[PDB]
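Taking it in order: structure first as structure tokens, then the write-up.
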Amino acid sequence: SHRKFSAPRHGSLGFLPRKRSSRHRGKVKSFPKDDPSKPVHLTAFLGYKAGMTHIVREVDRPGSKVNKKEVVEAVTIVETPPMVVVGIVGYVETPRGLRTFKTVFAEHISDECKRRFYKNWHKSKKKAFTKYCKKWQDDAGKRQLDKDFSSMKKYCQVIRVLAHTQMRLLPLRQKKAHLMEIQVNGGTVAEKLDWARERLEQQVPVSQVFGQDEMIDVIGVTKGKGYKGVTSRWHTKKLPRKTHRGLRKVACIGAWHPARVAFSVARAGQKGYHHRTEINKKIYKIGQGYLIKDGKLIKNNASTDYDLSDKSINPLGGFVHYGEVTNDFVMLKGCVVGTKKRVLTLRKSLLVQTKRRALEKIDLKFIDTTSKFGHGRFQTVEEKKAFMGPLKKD
Amino acid sequence: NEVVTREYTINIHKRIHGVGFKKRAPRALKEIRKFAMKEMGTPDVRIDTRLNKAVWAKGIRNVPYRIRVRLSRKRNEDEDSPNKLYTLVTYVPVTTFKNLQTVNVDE
Amino acid sequence: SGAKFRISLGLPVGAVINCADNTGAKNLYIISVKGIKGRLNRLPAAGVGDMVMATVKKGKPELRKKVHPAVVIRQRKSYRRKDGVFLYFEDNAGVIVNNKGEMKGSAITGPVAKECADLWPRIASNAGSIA
Amino acid sequence: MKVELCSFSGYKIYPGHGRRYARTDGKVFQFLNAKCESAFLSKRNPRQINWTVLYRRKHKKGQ
RNA sequence: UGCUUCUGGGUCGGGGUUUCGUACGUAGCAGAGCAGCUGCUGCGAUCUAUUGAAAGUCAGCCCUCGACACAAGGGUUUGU
RNA sequence: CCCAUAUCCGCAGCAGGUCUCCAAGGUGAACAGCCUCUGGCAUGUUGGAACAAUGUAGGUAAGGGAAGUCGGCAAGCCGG
Ligand SMILES: [Mg+2]
Ligand SMILES: [Mg+2]
Ligand SMILES: [Mg+2]
Ligand SMILES: [Mg+2]
Ligand SMILES: [Mg+2]
Ligand SMILES: [Mg+2]
Ligand SMILES: [Mg+2]
Ligand SMILES: [Mg+2]
Ligand SMILES: [Mg+2]
Ligand SMILES: [Mg+2]
Ligand SMILES: [Mg+2]
Ligand SMILES: [Mg+2]
């Protein structure tokens with residue numbers, strides 16, 4: 001018989017199966033559709049979730065209750081040291097879909113990238129690309145590369161660059177770089193290859209990919225949470241306290257007929273560590289990394305037009321469980337998937353951004369840099385010392 | 001230099017963090033014995049009964065946070081024993097733990 | 001024009017709040033909330049600035065035994081504002097009104113939340129202070 | 001945005017920190033954290049709490 | 001994820017951050033009083049100074065490159 | 001000699017049953033509960049490593065306060 005009172009089902013069947021992701025680094029499932037009339041540009045990037053904070057800005061929203069007024073907004077800090085292009089991969093459109101046509105690699109590949117090619121770097125002899133790299137040094141090999149580059153011009157329709165991160169500049173334990181294809185959108189196929197060929201072994205800073213006030217998508221793997229029951233995995237109603245044999249369950253997992261449990265019924269199992277794509281996360285700031293100019297370390301990348309204090313984005317005591325952000329970073333509005341240190345794929349939007357929220361221009365008045373390791377109450381150590389005064393340590 | 005002696009401070013606090021009350025002191029001994037093997041590489045580790053008394057001096061759950069020990073690698077006089085050497089872990093009473101380094105002891 | 005923002009709801013159905021006007025009612029017993037569509041098993045809830053349907057449990061005999069439209073003006077449950085401020089009051093209060101939003105009384109005791117003052121001009125003009 | 005001061009401890013509260021309290025008598029207070037709020041609501045006098053600005057001023061600790 | 005680029009991670013130490021709230025001892029003509037001796041000496045909860053002191057703080061916090069040792073290894077497989 | 005969480009009866013070294021005598025200090029009204037001495041024991045027919053779900057047994061919870069449910073069942077408030 002029909003269920004007495006209507007109610008929406010718990011959870012979305014569009015995110016099934018609720019299993020551990022097969023990839024740790026978020027995969028770009030769909031790159032932006034190429035527009036041949038735009039200049040050659042890259043469409044994605046890799047960053048690492050440093051941590052969260054909040055900022056003060058004045059909203060510019062005509063007809064809104066917060067028009068001309070200051071608001072406090074949470075933001076996620078993603079460290080984005082420049083990537084290094086090391087290879088090109090070309091694709092051919094076939095009636096069975098894009099097929100990898102040809103891959104070319106640069107002559108020199110840093111050991112961070114090579115670590116990606118091994119399961120035990122300690123035990124290996126580091127022989128990767130030791131014989132390929134010779135193709136760039138002899139006339140017979142060189143004449144074979146430009147033919148490979150010429151073939152990719154005749155036949156390939158999609159061009160991507162194999163860029164990798166620079167793990168030596170991060171505060172992390174890992175030394176193995178994250179390597180990913182990035183589609184080269186823009187001009188003709190020939191213009192894509194000349195642009196990509198010129199940038200082999202070169203560095204591509206995040207600013208060259210993304211801009212201020214741009215809406216982007218973050219792709220990553222959520223925080224794993226292990227085996228979970230239906231109450232926590234699916235958010236079903238807890239049964240009454242009197243229930244015998246447990247109340248953190250779904251009471252009826254199906255009807256007599258069909259004589260099977262259906263795929264649409266909440267069950268226990270893995271929670272978290274799911275691949276997810278989130279869209280429309282606005283870029284609030286592309287902060288510049290530390291520079292040594294005239295013997296001085298310039299690090300006031302957390303200063304604003306309305307706050308001239310020389311402080312970095314790092315909070316007192318550093319980003320908890322992450323470290324210190326000393327490279328370029330992207331300040332995203334809101335929260336993103338993953339743990340601290342999680343590698344996050346930054347991708348340009350697949351949509352046309354014509355909305356007041358999407359077009360709004362961000363102007364920061366303040367960036368909170370108090371300690372997150374507790375209830376921090378000082379923005380800077382200079383401010384803390386001036387308030388507290390001398391201590392017994394002094 | 002098989003026969004060597006060094007003085008260590010063992011941060012028991014971080015070794016037994018999260019352990020249940022009735023298992024806290026027993027696991028301090030297990031971590032002290034695990035620590036000695038790492039630093040001296042001798043599966044035959046002998047813990048002085050005075051060090052055992054120091055780890056239990058406050059009960060099963062309120063174990064001391066830090067403890068200053070001394071490790072001496074000695075030759076096993078037991079020719080039958082498969083281990084030529086063994087480590088002896090003794091107790092060093094200290095008033096303070098501040099600025100105490102790993103120190104070579106010369107006998 | 002400018003529309004109010006979501007705030008934490010502290011007063012489910014069944015909450016008895018003070019009556020902060022001079023009608024005669026001493027407290028207001030919330031029996032429902034305006035605008036609540038709701039879902040299975042979820043109680044309708046109210047926050048500062050929300051009109052509700054209430055009964056007087058303690059007060060003048062004429063005000064009891066009937067349903068009045070009331071408006072919440074203070075709540076003990078802290079709610080975030082767009083400036084990041086988490087505000088809460090010492091007690092939950094409300095005032096009786098009519099469907100048009102005009103106060104059945106003429107004076108209010110205690111402060112009134114800015115959320116409610118903006119939404120109800122007739123209540124605002126009677127508020128001694130705005131929090 | 002301007003910076004308030006904790007009504008109990010005298011520390012300054014930056015935007016997005018602590019809570020604001022409005023009493024039925026019309027007085028409004030700000031608190032840096034639940035520790036300061038807890039002391040204020042249990043009717044503790046800040047002049048006897050060693051780590052407050054009122055205490056150190058009273059005992060001339062900084063001076 | 002790491003396992004020798006005079007380099008690496010580790011341990012301890014130090015520094016930062018942070019929590020609680022001002023340590024033991026010592027001094028006090030601060031202390032309601034009381035006792036003994038001719039102002040002094042004792043008992044006395046608590047109070048003030050030393051003293052935002054002491055204590056803890058990664059075990060899944062941040063930075064050290066100070067001390068100490070360790071690190072160039074071991075086993076089983078895999079061929080067009 | 002055992003006289004009972006192992007010498008007795010329950011098929012057994014069975015959380016059951018089975019008649020008595022002596023009876024320390026502290027707190028306290030107290031043969032209450034809590035700690036200790038004399039005397040006794042080794043955690044109740046196993047250990048090690050983990051700290052997922054669901055349990056069993058204990059706790060805590062903002063705002064509301066029975067709206068839950070057949071029913072305030074359960075817990076909670078009160079307590080000398
Ligand atoms: Mg129906
Ligand atoms: Mg039952
Ligand atoms: Mg925190
Ligand atoms: Mg229901
Ligand atoms: Mg037991
Ligand atoms: Mg046993
Ligand atoms: Mg037995
Ligand atoms: Mg509650
Ligand atoms: Mg409460
Ligand atoms: Mg009912
Ligand atoms: Mg019902
Ligand atoms: Mg009952």
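First the proteins, then the strands, lettered A, B, ... as listed; each starts at 1. Reckoned from all heavy atoms, side chains included, excluding hydrogens, waters and symmetry mates.
No donor-acceptor contact under 3.5 angstrom links the side chains of A:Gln270 and A:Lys228, judged on distance only. Checked by atom type, the side-chain pair C:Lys77/C:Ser8 shows no donor-acceptor distance below 3.5 Å.
Glycosidic conformation at E:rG33 (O4'-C1'-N9-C4 for purines, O4'-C1'-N1-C2 for pyrimidines): anti, more than 90° from 0.
Judged as a side-chain contact (heavy atoms from CB on, under 4.5 Å), and not counting sequence neighbours, the contacts of A:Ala7 are A:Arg3, C:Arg39, C:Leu40. Evaluation of the side-chain contact (heavy atoms from CB on, under 4.5 Å) rule for C:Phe86 yields C:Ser78, C:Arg80, D:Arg19 as partners, not counting sequence neighbours. In this view, A:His10 satisfies the side chain to side chain donor-acceptor pair (under 3.5 Å) rule with no residue, not counting sequence neighbours.
Aromatic ring centres of D:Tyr11 and A:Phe387: separated by under 6.0 Å. For an aromatic pair to be called close, the ring centres must be under 6.0 Å apart, and D:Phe40 with D:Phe31 satisfies this.
Annotation: of the two residues near RNA chain F, A:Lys249 and C:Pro12, the 5′-most nearest-nucleotide partner is A:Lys249. Where A:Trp121 and A:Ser371 meet RNA chain E, the nucleotide closest to each residue was compared, and A:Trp121 sits on the side nearer the 5' end. Positionally, the nearest nucleotide of RNA chain F for A:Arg248 lies more toward the 5' end than for the other of C:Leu11 and A:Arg248. The 5' end of RNA chain E is approached more closely, in terms of each residue's nearest nucleotide, by D:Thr52 than by the other of D:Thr52 and B:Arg73.
Nucleotide E:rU18 holds its P atom 8 Å from the CZ atom of A:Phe378, rounded to whole Å. In this structure, A:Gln174 atom CD and E:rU1 atom P are separated by 4 Å, rounded to whole Å. Rounded to whole Å, the distance from CG on A:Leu316 to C1' on E:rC63 is 14 Å.
At the phosphate of E:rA69, OP1 or OP2 sits under 4.0 Å from a side-chain N or O atom of B:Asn104. Proximity of C:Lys77 to the phosphate of F:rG64: no side-chain N or O atom is located under 4.0 Å from OP1 or OP2. Not one side-chain nitrogen or oxygen of D:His59 sits closer than 4.0 Å to the OP1 or OP2 atom of E:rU51. Look at A:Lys384 and you'll find a side-chain N or O under 4.0 angstrom from OP1 or OP2 of E:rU17. OP1 or OP2 of E:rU19 has not a single side-chain nitrogen or oxygen of A:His375 nearer than 4.0 Å.
At a cut-off of 3.5 angstrom, counting only N and O atoms as typed in the model, there is no donor on one side facing an acceptor on the other between the side-chain of A:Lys123 and the base of E:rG73. One can find a donor-acceptor pair under 3.5 Å joining the base of E:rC3 and the side-chain atoms of A:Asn120.
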Donor-acceptor contacts under 3.5 Å from residues 117-127 of chain A side chains, at least two apart:
from     : atom 1 : to       : atom 2 : distance (Å)
A:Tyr118 : OH     : A:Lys127 : N      : 3.1
A:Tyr118 : OH     : A:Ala128 : N      : 2.8
A:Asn120 : OD1    : A:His122 : N      : 3.1
A:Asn120 : OD1    : A:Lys123 : N      : 3.0
A:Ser124 : OG     : A:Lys126 : N      : 3.2
A:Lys126 : NZ     : A:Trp121 : O      : 2.5
A:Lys126 : NZ     : A:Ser124 : O      : 3.0

Could you list the donor-acceptor pairs under 3.5 angstrom formed by side chains in residues 30-39 of chain B, with sequence neighbours left out?
none

What donor-acceptor contacts under 3.5 angstrom involve side-chain atoms of residues 95-103 of chain B, with partners at least two apart or in another chain?
from    : atom 1 : to      : atom 2 : distance (Å)
B:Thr96 : OG1    : B:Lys98 : N      : 3.3

Can I get a per-line list of side-chain donor-acceptor pairs under 3.5 Å for residues 19-27 of chain B, giving both atom names and the distance, sequence neighbours left out?
from    : atom 1 : to      : atom 2 : distance (Å)
B:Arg24 : NE     : B:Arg61 : O      : 2.9
B:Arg24 : NH1    : B:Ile16 : O      : 3.3
B:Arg24 : NH1    : B:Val19 : O      : 3.4

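In this structure, A:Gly376 reaches the sugar-phosphate backbone alone: every heavy-atom distance under 4.0 Å involves primed, P, OP1 or OP2 atoms, never a base. If you check every strand for non-hydrogen atoms under 4.0 Å, A:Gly317 touches a base. Using a 4.0 Å heavy-atom cutoff across all strands shown, C:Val16 reaches sugar-phosphate atoms only and no base atom. Among the protein residues, A:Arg115 comes within range of the sugar-phosphate backbone only, with heavy atoms under 4.0 Å from sugar or phosphate atoms but none that close to a base. Backbone-only contact: A:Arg377 has heavy atoms under 4.0 Å from sugar-phosphate atoms and none from a base. Heavy atoms of D:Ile49 sit nowhere under 4.0 angstrom from any nucleic acid atom. Among the atoms of the strands shown, none is found under 4.0 Å from any heavy atom of D:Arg44. Nucleic acid contact for A:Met388: base, since at least one base atom lies under 4.0 Å from a heavy atom of the residue. Among the heavy atoms of the strands, none lies under 4.0 Å from B:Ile67. Nucleic acid contact class of C:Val13 (heavy atoms, under 4.0 Å, all strands): base.
For the segment residues 17-34 of chain B, residues with any heavy atom less than 4.0 angstrom from an atom of RNA chain F are, sorted by number, B:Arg27, B:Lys30. Looking at residues 227-242 of chain A, you'll see A:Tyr227, A:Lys228, A:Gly229, A:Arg241, A:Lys242 sit with a heavy atom under 4.0 Å from some atom of RNA chain F.
Note on ring orientation: taking the six-membered ring where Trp is involved, the planes of A:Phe319 and A:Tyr322 are perpendicular (angle over 60°, cut-offs 30° and 60°). In this structure, C:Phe89 and C:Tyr79 have parallel ring planes: the angle between them is below the 30° cut-off, well short of the 60° mark.
A negative value of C1'-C2'-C3'-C4' puts the sugar of E:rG60 in the south, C2'-endo-like family. With its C1'-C2'-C3'-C4' torsion above zero, F:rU45 shows a north sugar pucker. In F:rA23, the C1'-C2'-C3'-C4' torsion is negative, which places the sugar in the south family. Judged by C1'-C2'-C3'-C4', the furanose ring of E:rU38 adopts a north pucker. A negative value of the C1'-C2'-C3'-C4' torsion places the sugar of F:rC14 in the south (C2'-endo) family.
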Nucleotides 6-15 of chain E: protein proximity per nucleotide (B base, S sugar-phosphate only, - neither; heavy atom, under 4.0 Å): --SSSSSSS-
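In this structure, the nucleotide among E:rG52, E:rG16, E:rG73 sitting nearest to the side chain of A:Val381 is E:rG16. Between E:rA54, E:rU1, E:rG16, one nucleotide has an atom nearer to the side chain of A:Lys392 than all others, and that is E:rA54.
Neighbours F:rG76 and F:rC77 stack on each other, since their six-membered rings have centres under 5.5 Å apart and planes tilted under 30°. With a 5.5 Å centre cut-off and a 30° plane cut-off, the bases of E:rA71 and E:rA72 come out unstacked.
Applying the side-chain hydrogen bond (donor to acceptor under 3.5 Å, both in side chains) test to every pair with at least one member in residues 2-16 of chain B, sequence neighbours left out, gives these pairs: B:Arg6-B:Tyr8, B:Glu7-B:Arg68, B:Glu7-B:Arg70, B:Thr9-B:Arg68.
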Pair assignment for RNA chain E - dot-bracket with | for other-strand partners, Watson-Crick or G-U under 3.5 Å: ......((.(((((((.((.....((((.(..(((((.)))))..)))))....))....)))).))).)).........
side-chain contact (heavy atoms from CB on, under 4.5 Å) evaluation trace for A:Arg233 with A:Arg18: CA-CA 9 Å; A:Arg233 199 188 188 205; A:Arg18 304 273 308 261; 3.3 Å; yes
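Remark: of the listed residues A:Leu344, A:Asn327, A:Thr165, A:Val78, A:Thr165 is the sole one forming a side-chain contact (heavy atoms from CB on, under 4.5 Å) with A:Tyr48.
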